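Protein chains in written order, with UniProt numbering: chain Y, 28 to 171; chain P, 28 to 171; chain A, 28 to 171.
The next block holds one structure in the form of structure tokens; read it before the comments.
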Amino acid sequence: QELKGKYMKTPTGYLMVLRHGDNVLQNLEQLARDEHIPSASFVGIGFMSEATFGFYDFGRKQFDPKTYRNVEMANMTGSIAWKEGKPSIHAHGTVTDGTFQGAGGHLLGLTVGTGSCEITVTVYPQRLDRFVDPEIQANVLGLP
Amino acid sequence: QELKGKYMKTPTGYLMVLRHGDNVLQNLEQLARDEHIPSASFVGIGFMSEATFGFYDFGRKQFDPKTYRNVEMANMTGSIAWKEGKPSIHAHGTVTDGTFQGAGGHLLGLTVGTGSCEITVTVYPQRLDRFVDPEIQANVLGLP
Amino acid sequence: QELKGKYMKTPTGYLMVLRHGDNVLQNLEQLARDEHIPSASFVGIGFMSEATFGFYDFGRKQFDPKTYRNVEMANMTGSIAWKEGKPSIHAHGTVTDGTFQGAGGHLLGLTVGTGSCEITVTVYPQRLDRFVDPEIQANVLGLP
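What follows is the structure, given as structure tokens:
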């Protein structure tokens, strides 16, 4: 019942409308599990109480993080796939505040604020996993 | 005849190409009315003579606005729905100038400059309204 | 064989996953030629070893360019069409670095770094050309 009222089936996939306090990537993980999404693309917009990005450091194998608060999310773009049996969301975003200046990159997590988040999901029939590309030491989406 | 030559039907919705001087959100409103769009998602790009954003102030119930001139629109992302019988466009954007620095957020209005605006519209069969969410005092897209 | 393993057919078009060292717009040109794409929209994300943008100068008929290195591409949005028999890609992007500040605009070229690039392509049945709009001295996508 977690996702009750938070999405609708569309001809090409789903439309999701998340609400105050919803954890965006976790709700996309739950959609993947509830609807058994083989793989998907998505885009979205909304208003976030917090958005955390990471810039990956290959040397020390860690994301350097940064958190923004009470920001408009001008765009999110990403994919749904799987890794080790669990949903594996890969999302980027662009956020702006009352200066209107943009920031963002690779999303680690984000939470809807006093607003909503509209997400347009295009679902594919192929079950896709992500794997570590040994040439670069990063996760990449595998295609058939 | 307003929209003559400005869009084509696609398998999933429409593709719109707006031209010098066109008011982007107003042309999306007109597409909604002319094609009786129940609801839709969209993304787009273009070059704007002006783009006006707003950062909403919940205390005084007003957007603080900011206008940018002669800017590339690196992305727009949004939705078409209805409110009180009229089209209700919810759009965000990201704009850049000759410094290449990004800015944007919630769009209040924008006008195509010496360029064009390409808009990819995905149309859904469900008629959707936006409503004020009393928990947050903001418009949210209602789903069935 | 250039594009072997780099894309899959989807119900609405293609999904492309480009890899370290791939030239993004050139690979989209090659997809257009290999799959005889009449026209298309796309969005994408990835990590770029370099991304070059241009801000067009109408007076001297040239793009002023700027190159960013080792950047996350928070979004790309664009279209595939044709001009003089050759693919004509029109793409914008938004990139961020370890400051998380955003930059971008009109893309002249970009190369995948130690990462990948996921591209969601929506294909239309209509063959579209771009043409110079004599009122503005810029290329615009022509519609039927």
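C-beta: ideal position from N, C-alpha, C; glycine also.
- Spanning the alpha carbons of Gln89(P) and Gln164(P) requires a straight line of approximately 12 Å.
- Contacts between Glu162(P) and chain Y, judged by CB atoms closer than 9 Å, involve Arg46, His47, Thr141 in chain order.
- Just measuring C-alpha positions, the residue of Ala78(P), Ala101(P), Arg87(P) sitting nearest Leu137(P) is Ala78(P).
- In the three-state reduction of the DSSP assignment, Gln53(Y) falls in the helix class.
- One finds nothing in chain Y with a Cβ atom closer than 9 Å to the Cβ of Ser115(P); even the nearest lies about 12 Å away.
- Measuring C-alpha to C-alpha distances from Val70(Y) to each of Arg154(P), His63(P), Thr147(P) identifies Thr147(P) as the nearest.
- Annotation for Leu137(P): the continuous beta strand (DSSP E) segment containing it runs 129-151.
- Taking 7 Å as the upper bound on Cβ-Cβ separation, chain A lies near residues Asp91, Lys93, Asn102 of the segment 90-103 of chain Y.
- Across the structure, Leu45(Y) and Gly120(P) are spaced so that their CA atoms are roughly 20 Å apart.
- Secondary-structure assignment with DSSP links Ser106(Y) through a beta bridge to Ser68(Y), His117(Y).
- Selection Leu155(A), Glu162(A), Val98(A) evaluated against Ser66(A) yields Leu155(A) as nearest (Cα-Cα).
- Per DSSP, the unbroken beta strand (DSSP E) holding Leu168(Y) starts and ends at 165-168.
- Listed along the chain, the chain Y residues whose CB falls inside 9 Å of the CB of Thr138(A) amount to none; the nearest CB is some 14 Å away.
- Ranking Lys113(Y), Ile107(Y), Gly125(Y) by CA distance to the CA of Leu168(Y) puts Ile107(Y) first.
- Proximity of chain A to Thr147(P) at the Cβ level (cut-off 7 Å) is accounted for by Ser68, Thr149, in chain order.
- When the alpha-carbon of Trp109(P) is set against those of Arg157(P), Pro152(P), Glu145(P), the nearest one is in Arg157(P).
- Scanning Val122(P), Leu135(P), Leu134(P) for the CA closest to the CA of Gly129(A) turns up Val122(P).
- Taking 8 Å as the CB threshold, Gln57(A) stays off the interface with chain P.
- Boundaries of the beta strand (DSSP E) harbouring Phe158(Y): 157-160, taken from the DSSP string.
- For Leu52(Y) against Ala118(Y), the beta-carbon gap comes to about 6 Å, under 8 Å, which counts as contact.
- Within the same chain, Cβ atoms closer than 7 Å to the Cβ of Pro114(P) are found at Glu56, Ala59, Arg60, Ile107, the five residues on either side in sequence being excluded.
- The three-state reading of DSSP puts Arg60(Y) in helix, counting H, G and I together.
- The secondary-structure analysis by DSSP pairs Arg46(Y) across a beta bridge with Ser143(Y).
- In the DSSP assignment, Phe85(Y) forms no beta bridge with any residue.
- With 16 or more other Cβ atoms inside 10 Å of its own Cβ, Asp49(Y) counts as buried.
- Distances from the CA of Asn166(Y) to each of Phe74(A), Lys36(A), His63(A), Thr39(A) were compared; the closest alpha carbon is that of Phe74(A).
- Residue contact check for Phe127(A) against chain Y: a CB pair falls below 8 Å.
- For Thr126(P), there is no enclosing beta strand (DSSP E), since its DSSP letter is neither H nor E.
- In this structure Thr149(Y) touches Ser68(Y) by the C-beta definition: roughly 5 Å separates them, less than 8 Å.
- What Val167(A) touches in chain P, judged by beta-carbon distance under 8 Å, is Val44, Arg46, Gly142, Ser143, going in chain order.
- For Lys36(P), the enclosing beta strand (DSSP E) stretches over residues 34-37.
- Close CB contacts of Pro152(Y) within its chain, under the 8 Å cut and outside five residues either way in sequence, are with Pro65 (chain order).
- Proximity of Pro171(Y) to chain A, defined by a Cβ-Cβ separation below 8 Å, is satisfied.
- Below the 8 Å Cβ cutoff, chain P contributes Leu170 as neighbours of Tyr34(Y), in chain order.
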